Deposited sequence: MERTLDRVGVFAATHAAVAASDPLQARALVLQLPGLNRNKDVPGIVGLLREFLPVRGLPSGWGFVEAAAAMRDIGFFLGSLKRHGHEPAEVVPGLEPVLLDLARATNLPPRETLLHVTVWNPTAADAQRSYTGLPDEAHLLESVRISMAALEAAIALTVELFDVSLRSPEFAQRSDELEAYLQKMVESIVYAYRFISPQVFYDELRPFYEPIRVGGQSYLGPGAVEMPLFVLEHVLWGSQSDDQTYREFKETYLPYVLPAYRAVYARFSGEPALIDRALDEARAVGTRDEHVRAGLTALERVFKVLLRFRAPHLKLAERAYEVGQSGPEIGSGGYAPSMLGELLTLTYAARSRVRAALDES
């Protein structure tokens, strides 16, 4: 039914199935060490598989990203106990920079490494804490990530589709159905994840680390390239500084394609800006214009069905949240309102 998801999931699975450092049984031991707060043990465990003499030259993106995933869980772990991994692990930083080069991504772990590039089986899944809530946390992202990537593709395609065309409404309705997975993610999180366990036990593992003379943020669903999708959809031309800064902050953490998608659309008006300009020039008595705008409004409706419940979720945990959440929600409502005013 959401048939575009399959190829994305299949590329994720290629990385999930890769164990080039033969680290599976070793990374499974990390949660026990984190529970004991055993920093020397954690370093000693990494040094058991960490390449000291470089990366095998037969490797490609898949193996390098898999290697970054396995070393990566030790990065957030060591920082969680108060230590810069690059300061406490000999030869680690060069390795991290080599993997950042091989994958064209930061020299640490990201959301991608800890979720969709991370195998799902109990005898294989990598984790910081080994907690049920962490298992649930990773799954919440696996629900929607492949659908999100498909949604980005659909958004780029929709950009060049004229509102006068019946394709616009059809494409808009299809983009909605993919973004509905974002809502499924939140419903799943609110049902299965303890806010208190997240804040007290999970969140301490996602702090920044210093590599190469700069700071790199830890894994978060904030790194999901939804912001790129909405760059193209509504936000590219926005003059909100805080929002611009927010997008530029997480940009390095997404796949290179989406960094390129983002670059391509910064110089153009957003989809919403073109669609509304077209609607005012043609008229709303054109049925394809009416259906186009109606379906586009439902796209904004589903984004809000993710974003509003997600704010409550974050505030519930931080009751045990960064204000940008509220600001982004307000912006999205304004965009939806513009689409509504196009029909009222």
remark   = No C-alpha coords for deposited residues 1-3, 324-335, 360-361
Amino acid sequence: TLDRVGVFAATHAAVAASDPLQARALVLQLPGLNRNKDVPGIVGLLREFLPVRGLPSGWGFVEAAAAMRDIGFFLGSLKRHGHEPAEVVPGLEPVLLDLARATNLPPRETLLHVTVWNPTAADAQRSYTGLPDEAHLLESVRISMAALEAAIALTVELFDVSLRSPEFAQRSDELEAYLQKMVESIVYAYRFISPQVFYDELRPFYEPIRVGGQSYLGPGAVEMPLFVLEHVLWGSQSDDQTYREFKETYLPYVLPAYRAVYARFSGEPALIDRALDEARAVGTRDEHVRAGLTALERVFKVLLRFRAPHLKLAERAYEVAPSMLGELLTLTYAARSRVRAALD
From here on, numbers count along this sequence of modelled residues.
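In this text, the rigid core denotes the largest set of C-alpha atoms whose superposition between the two forms falls within 1.5 Å.
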ask   = Taking C-alpha RMS after core alignment, which stretch differs more from the shown form in 4 other deposited structures of this protein: 32-40, or 280-288?
value = 280-288
